[PDB]
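J.: no sequence on hand, only this structure:
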């Protein structure tokens, strides 16, 4: 499959300024499924070298955090793909400067591992939709403006 690292998704960085305090991003990135909401259906918990799955019985190896640091650094690898997806946060009692990293090691020109198909396309997913999600929604989850644009 993949013994050596050929490509995977090339180190993907997405940058946005979250006009928020570190604490709301805290709620939004290295945290419970609130971060998962923009990322992908999960109950991420800021854990290190753990295994976590959307159920009490984890079953096999689900997801595992490489390293986690209170809205400063988040690194964890998601489910089936070998992506060491990392979140980089700037603490300002001021607003929060967000640098997002989606990276992973030991995959070919094929993706991280059922991430989509091509390692290139998956980085492309982040290359458009990830500013939508992180640049627009990470600022949204930490702040947004409207949630139900008409009625609820």
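T.: Nice, thanks for sending it over. Numbers count the residues shown, from 1 in each chain.
J.: report all helices and strands that the helix with the most length in the chain contacts.
T.: If you go by DSSP state H, the chain has its longest helix at helix 119-130. Judged by 3 or more Cβ pairs under 8 Å, 6 or more residues apart in numbering; DSSP states H and E, helix 119-130 is in contact with strand 12-18, strand 96-102. From N, CA and C alone the C-beta is placed, and that goes for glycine too.
J.: am I right that residue 25 sits in a helix?
T.: Yes. Counting by DSSP: H, G, I helix; E, B strand; the rest coil, residue 25 falls inside a helix.
J.: right, and it touches residue 18 too?
T.: Yes. Counting by Cβ atoms under 8 Å, residue 25 does reach residue 18; the two are 5.6 Å apart.
J.: pull up the overlap in contacts between these two.
T.: 96, 98, 138, 142 (Cβ atoms under 8 Å, 6 or more residues apart in numbering).
J.: of those residues, closest to residue 13?
T.: residue 98 (10.6 Å; Cβ to Cβ).
J.: the closest one and residue 25 touch, don't they?
T.: Yes. In terms of Cβ under 8 Å, residue 98 counts as a neighbour of residue 25; the distance is 6.9 Å.
J.: residue 35: which element?
T.: Assigned by DSSP states H and E, residue 35 belongs to helix 33-39.
J.: in this protein, which residue is closest to the centre?
T.: Closest residue to the average C-alpha location of the chain: residue 39 at 5.0 Å, with Cα atoms, centre = their mean.
J.: OK, contacts around it?
T.: 85, 133.
J.: so how far is residue 63 from it?
T.: 11 Å (Cβ to Cβ, to the nearest Å).
J.: what sits against residue 78?
T.: By Cβ under 8 Å, 6+ apart, the neighbours of residue 78 are 40, 42, 63, 85.
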